[PDB]
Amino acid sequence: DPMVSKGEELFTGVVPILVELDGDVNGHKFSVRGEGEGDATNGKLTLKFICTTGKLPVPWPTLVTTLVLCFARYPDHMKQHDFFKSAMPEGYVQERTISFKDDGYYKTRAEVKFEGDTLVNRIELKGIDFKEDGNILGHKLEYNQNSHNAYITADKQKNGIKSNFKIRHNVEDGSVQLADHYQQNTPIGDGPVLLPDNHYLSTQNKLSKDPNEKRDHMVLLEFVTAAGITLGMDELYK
């Protein structure tokens, strides 16, 4: 019963996901709604995102990180380091600044929590100080997303975690557009959470299109795995 289950127990199987993003950039108010499911046993996300307002005013890849780290696959010997599931069901706030080098920034604030059986990610995004003919507002980014590692550290005083990492967006002119992410997460509720030792999350990501979809949209297949703490295991094979 997802209404009474707690923490990692809510993630033993496939969980429906709903993503709602409200955004504002360069005079364009836009909304994205995503639906699909996640499975923390293999780290798999299958999600389809639709811009319900019309054309998306930024490239889809630039929104991937904003659009559910509770579905990361944490190895057994790292289960004590999984802050994201520990905060469930009441959830966590995830806040970022995403600075596009030589261009503008996104400010994002999201709440990730269970509503019934569904894991919901609701985001407010503002875009600030973009170039009208830069790589973002000019739609000059390739439709793909590289694999990344994002290092997670605890912030005990704030009862949460932080991460800073760089996303590399391929540009149509053969260059790379860097997106520097600073991130904070804090529990919504007062129940104790797991505060992790340093580690990282490893991603992978396939972007595609639904050949029957007329709206501006993104189909995403994404796998997320926690890693980096292995010494105790490695010692077993010496």
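Numbering starts at 1 and runs along the sequence shown.
According to the record, the deposited sequence contains 1 to 3 residues between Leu67 and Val68 that were left without coordinates.
Taking the PDB entry as given, 225-233 carries the higher mean Cα B factor of the two stretches 16-24 and 225-233. If you average the C-alpha B-factors over 43-51 and over 176-184, the higher value belongs to 176-184.
Among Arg96, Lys126, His148, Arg73, the highest C-alpha B-factor recorded in the PDB entry belongs to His148.
Based on the entry's C-alpha B-factors, the most elevated value among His81, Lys107, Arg168, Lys113 belongs to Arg168.
Ranked by C-alpha B-factor against the other modelled residues of its chain, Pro57 falls in the middle third.
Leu207: CA B factor in the middle third of modelled residues in this chain (values from the PDB entry). The PDB entry assigns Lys85 a C-alpha temperature factor belonging to the lowest third of its chain's modelled residues. For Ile152, the recorded CA B-factor ranks within the middle third of the chain. Only modelled residues enter the ranking.
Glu35: CA B factor lies in the lowest third for its chain, per the PDB record.
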